[PDB]
There are 2 protein chains.
Amino acid sequence: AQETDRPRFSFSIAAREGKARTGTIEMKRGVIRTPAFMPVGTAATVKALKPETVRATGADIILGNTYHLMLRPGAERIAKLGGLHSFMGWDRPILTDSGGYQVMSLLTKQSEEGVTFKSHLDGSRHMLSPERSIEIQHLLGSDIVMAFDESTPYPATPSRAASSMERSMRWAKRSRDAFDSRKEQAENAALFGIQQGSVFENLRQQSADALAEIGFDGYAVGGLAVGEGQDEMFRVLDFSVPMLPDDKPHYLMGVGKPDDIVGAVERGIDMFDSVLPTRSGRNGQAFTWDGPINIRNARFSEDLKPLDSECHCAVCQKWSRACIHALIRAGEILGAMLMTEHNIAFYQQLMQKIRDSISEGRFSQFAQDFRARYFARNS
Amino acid sequence: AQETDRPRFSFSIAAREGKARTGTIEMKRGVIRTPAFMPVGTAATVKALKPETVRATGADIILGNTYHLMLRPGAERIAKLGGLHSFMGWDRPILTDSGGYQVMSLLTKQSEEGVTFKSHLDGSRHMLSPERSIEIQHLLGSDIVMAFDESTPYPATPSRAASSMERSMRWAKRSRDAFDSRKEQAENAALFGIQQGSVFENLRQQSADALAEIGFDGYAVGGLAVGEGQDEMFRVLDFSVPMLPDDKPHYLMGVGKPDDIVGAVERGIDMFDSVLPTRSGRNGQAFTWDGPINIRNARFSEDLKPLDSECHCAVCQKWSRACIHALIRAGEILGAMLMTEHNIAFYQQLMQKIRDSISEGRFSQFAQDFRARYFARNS
Ligand SMILES: [Zn+2]
Ligand SMILES: [Zn+2]
């Protein structure tokens, strides 16, 4: 297996239960077990977890934010340093987003051509387009490349949703052709397209048909987790995911809380990313099977139990709630490091329980058991 | 008081009980409460406690090791950086030793002139003598200067003890004259002489007479804590301290354990220094009123009590034995920092209880109470 050839991108489904699937994506830099959670990476420095720590939590792939990497230190500099894998100290697969969401979310010109913007960090002028985004993701050397699309706001008028979806599909074809124009990228990386259409079923169908006609290695459901509430996100997923090709991975970008993930897998999603484990860890919040906890709470000052008494992570094998409480209350960076490591490992253990329960044909029961306990909050 | 003149060196005894004294040494950089414990300083870097942390433990004065400072970064470099107070970030009094003990303890030439040695750190050649030692301590800018003497080994033949004591007294006069030759040093610093004579009463008397004839600001009892055992050290102190001038401070160099300190104050010692609080802290050992403890012991893994339940230090206000146990077992530098801070603060609280009990005329009872509990070890 270590001495055997590695494919560019091969998705295999090993077991199904309803709309949920479990399987593997094989790529040249490693195997991704699905459903998969991708932690959001940053530069390999003393301020973040070590890459070996992130791998030991169970992560098979991480996400890079193209927009931030463009602004500092820049894509040309990362390429000169050997690419994102060398820059981040991570030798397994990396998915990069297109950079387009943070352009809107965080602007000199805007048209069907693409966008121009100035950096808040130094005032430098930057440009993004389907062609430029794919080029930058090539310079970063990422393994999964996201097509460049146009985000529709929330809430969105049906006219604005139609306009952004249609532009996104023209940009999806441009993304496809730019990716295919570069032999080194097309033979070694994969390209995902992004379905849009807001909450409107007919627009989602139009979008799915357009992406399937272009053809991609995987398909993301875009335009969700932007403030719509879980009920609505689930309702959109109910009809949107069946529209995508069944035999390719389905990616829900930027989701999310543990119960978001469970419900999305019930609806056919294979891949997830979120900053939540890290943001929560830095803020003194831990995920547990009994719901999130705020470790600063007085009730934890003498609690000798680990953050979660069923969590297998390296933190919970050693550190008590009481001592992580002490570290966080003192502002010691070790406290935030430990809670971040635990939160990412908890997410990976959630994904593993999901994969195991699908394989054993008991995922619907797992999801019900999970919700009953997570929302009772007997922590 | 803040707007009033400061004397070069003024020792006042406020209260006595038997041979024990409590009082103050006023100097230009601050007041030293006696009996005093001097922590042993190092360079103000990320590897040591912050100077403000050392001050907050209660220390009024710290000790600098002239030998180590000569070898790295060198006395001329420290002077160029503004002196030891600027180098160490410590603006209160500093006592420096002469460098002579580490010459023996850690050698190109040796005679009545002085010594020449090579540095293990770089092979550089270095020279020490009464004149050179005082000159180097002037470059360091220390407030209390130790005369340069010759250490007698332990055990020592009565002939070797006589020979080293007599050479030390000739060197004490040379130290006196070198110190007095430098107006800037003589007007702003103080000079201590060192009694020698090993375990032999007549040699100790000869030494005391010689030092009193020369005249010093304070008098150290040298040649102890070099392997002789507490009973013997106490026996030597019994007759040696009364030989020194009563109205000047008495300094027992390199002592020691808490029970060494208590017994030495019972015998007339006013000043102490030891690396023990730091060495123990780095090795996971804490001093307590119930004797030392090894925090790595399994019995502490769930112990929510502080290192010492009567200690007022900043560490014991916040951190449990259980969490310091966790930090030390993990090799986190914070663990060693906390135990070092607690150990130095414990030493200062020992000195404060000694001072208060002398002032109240209950020091003999304090010493008996202290020993009964420290040696019972009901920790
Ligand atoms: Zn954990
Ligand atoms: Zn303490």
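Method of determination, as given in the entry header: X-ray crystallography; reported resolution: 1.76 Å.

The PDB entry lists chain A under the name Queuine tRNA-ribosyltransferase, with Zymomonas mobilis subsp. mobilis as the source organism. The UniProt entry for chain A carries the following text under Catalytic activity: "7-aminomethyl-7-carbaguanine + guanosine(34) in tRNA = 7-aminomethyl-7-carbaguanosine(34) in tRNA + guanine". UniProt lists a comment for chain A under the heading Sequence similarities, and it reads "Belongs to the queuine tRNA-ribosyltransferase family."

**Digging into the coordination of the zinc ion (ligand 1)**
Residues and elements named next belong to chain A. The coordination sphere of the zinc ion (ligand 1) contains the protein donors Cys-311 (SG), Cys-313 (SG), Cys-316 (SG) and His-342 (ND1), at a distance range of 2.2 to 2.3 Å. The coordination sphere of the zinc ion (ligand 1) comprises 4 donor atoms, whose angles at the metal cover 100 to 116 degrees; the geometry is tetrahedral. Read in sequence order, the donor residues coordinating the zinc ion (ligand 1) give the pattern C-x1-C-x2-C-x25-H. Taken together, the residues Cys-311 in the loop between strand 16 (293-294) and helix 13 (314-318) and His-342 in helix 15 (residues 333-359) connect sequence positions 31 residues apart. Residue class for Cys-311 comes out buried when judged on its relative accessible area of 5%.

**Looking at the coordination of the zinc ion (ligand 2)**
For the zinc ion (ligand 2), every protein donor is listed as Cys311(B) (SG), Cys313(B) (SG), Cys316(B) (SG) and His342(B) (ND1), and the spread of their distances is 2.2 to 2.3 Å. Each of the 4 donor atoms around the zinc ion (ligand 2) contributes to a set of angles spanning 100 to 116 degrees, which defines the coordination as tetrahedral.

**Structural notes on the interface of chain A and chain B**
Counting from both sides, the interface comprises 12 residues of chain A and, opposite them, 12 residues of chain B. Here chain A and chain B share an interface that buries about 950 Å² over both sides, 79% of which is from carbon and sulfur atoms. Together, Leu304(A), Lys318(A) and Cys323(A) form the three largest contributors to the area buried by chain A at its contact with chain B, with a combined 41%. Linking chain A with chain B are 0 salt bridges. Our count for the contact surface shared by chain A and chain B stands at 2 residue pairs in polar contact. The dominant element in the side of chain A that touches chain B, judged by the number of residues it contributes, is helix 14 (residues 321-329) of chain A, at 5 residues. A class-by-class count of the residues in the side of chain A that touches chain B yields 8 nonpolar, no polar and 4 charged.

**As for the state of the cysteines**
Across all of its chains, the model carries 1 disulfide over all chains by this definition. Disulfide pairing places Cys323(A) opposite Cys323(B) at an S-S distance of 2.0 Å. Residues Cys323(A) and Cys323(B) are joined by a disulfide whose S-S torsion is about -90 degrees; by sign, that bridge is left-handed. Pair noted here: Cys323(A) is in helix 14 and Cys323(B) is in helix 14 (residues 321-329), and the two residues belong to different chains.

**As for helix 14 of chain B**
Note that an α-helix has 3.6 residues per turn; residues three or four places apart therefore point the same way. Among the 9 residues in helix 14 of chain B, 8 count as buried, and that is most of the element. Looking one or two places after helix 14 of chain B, you find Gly331(B), whose phi comes out positive at around 75 degrees.

**Digging into the packing of aromatic side chains**
The description of two aromatic rings rests on the distance between their centres and on the angle between their planes. Residues and elements named next belong to chain B. In this structure the tally under the stated criterion is 24 aromatic pairs over all chains. Between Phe-287 and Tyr-347 the ring centres are 5.3 Å apart and the planes differ by 80 degrees, which places this aromatic pair in the edge-to-face class. Placement of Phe-287 in the loop between strand 15 (285-286) and strand 16 (293-294) and of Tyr-347 in helix 15 (residues 333-359) is noted, with a sequence separation of 60 residues between them. Looking at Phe-287, the relative accessible area reads 6%, which means it is buried. Accessibility expressed as a relative area gives 0% for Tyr-347, which makes it buried.

Analysis parameters
- Residues numbered from 1 in each chain as written, not as in the entry; some residues may be left out.
- Chains lettered and ligands numbered in written order.
- Heavy atoms only, no water.
- Residues with missing side-chain atoms left out of burial classes, pairs and counts.
- UniProt positions renumbered as here; feature names shortened; annotations may be inferred.
- Donors = N, O, S within 2.8 Å, 3.2 Å for Na, K, Ca; no water.
- Tetrahedral: all angles 85-135°; square planar, octahedral: opposite > 155°, others 65-115°.
- Helix = DSSP H or I, 4+ residues; strand = E, 2+ residues; numbered from the N terminus.
- Buried < 20%, exposed > 50% of the residue type's maximum accessible area, 1.4 Å probe, protein only.
- Contact = heavy atoms within 4.5 Å.
- Buried area = accessible area lost by both parts, 1.4 Å probe.
- Salt bridge = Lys/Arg side-chain N within 4 Å of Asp/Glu carboxyl O.
- Polar contact = N/O pair within 3.5 Å; in protein donor to acceptor, adjacent residues only side chain to side chain.
- Nonpolar A, V, L, I, M, F, W, Y, C, P; charged D, E, K, R; others polar.
- Disulfide = S-S within 2.5 Å.
- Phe/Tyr/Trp six-rings, centres within 6.5 Å; stacked < 30°, edge-to-face > 60°.

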